[PDB]
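Asker: an experimental structure, sequence included, is below.
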Amino acid sequence: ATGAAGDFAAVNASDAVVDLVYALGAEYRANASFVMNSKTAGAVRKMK
Amino acid sequence: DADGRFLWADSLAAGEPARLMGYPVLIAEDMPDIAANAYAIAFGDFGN
């Protein structure tokens, strides 16, 4: 889960993306990848 | 840091520096996670 129910976490976003990376397990991170749509990568890129 | 950017693995691209303050990192999935009185990180020379 991220936090707030509408969008990324309000206080510290990009914390919900990094624990996603570390929730998957070590053997599957050798070749893993994110899957988003265009407008979600926009919401990720707006994180400042 | 205080500015809100990452200390370890400077940017949101290219994570896992493979050095925690100059020393290797072993991701042993059997240590406790962050609890109230947990010991989640152990640093030491386990060769001795």
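Answerer: All right, it came through fine. Numbers count the residues shown, from 1 in each chain, chains lettered A, B, ... in the order given.
Asker: burial count for residue B:20?
Answerer: 11 (other CB atoms under 10 Å in any protein chain shown). Using the backbone N, CA and C atoms, a C-beta is placed for each residue, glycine as well.
Asker: closest to the centroid, which residue in the chain?
Answerer: Assuming you mean chain A. In chain A, the centroid-proximal residue (CA atoms, centre = their mean) is residue A:17; its distance is 2.4 Å.
Asker: actually, chain B is the one I wanted.
Answerer: For chain B, the residue nearest the mean C-alpha position is residue B:20 (5.9 Å; CA atoms, centre = their mean).
Asker: need the nearest residue in space to the residue nearest to the centre of chain A, chain neighbours excluded.
Answerer: residue A:44 (6.8 Å; CB to CB, 6 or more residues apart in numbering or on different chains).
Asker: hang on, the one you found in a helix?
Answerer: Yes. The assignment for residue A:44 is a helix, going by DSSP: H, G, I helix; E, B strand; the rest coil.
Asker: which residues are in contact with it?
Answerer: A:14, A:17, A:36 (CB atoms under 8 Å, 6 or more residues apart in numbering or on different chains).
Asker: any idea how far residue B:31 is from it?
Answerer: According to CB to CB, to the nearest Å, residue A:44 and residue B:31 sit 30 Å apart.
Asker: what about residue B:10, neighbour count?
Answerer: 11.
Asker: if I look at it, how far off is chain A?
Answerer: Distance of residue B:10 to chain A, computed by CB to the nearest CB, to the nearest Å: 13 Å.
Asker: tell me the SS of the residue nearest to the residue nearest to the centre of chain B when sequence neighbours are not counted?
Answerer: Closest residue to residue B:20 apart from its sequence neighbours, by CB to CB, 6+ apart: residue B:8 at 7.2 Å. Assigned by three-state DSSP, the conformation of residue B:8 is coil.
Asker: for residue B:8, give its distance to residue B:41.
Answerer: Residue B:8 is 13 Å from residue B:41, by CB to CB.
Asker: what residues does chain A put near chain B?
Answerer: Residues of chain A lying close to chain B (CB under 8 Å from any CB of the partner chain) are A:12, A:14, A:17, A:18, A:21, A:26, A:47, A:48.
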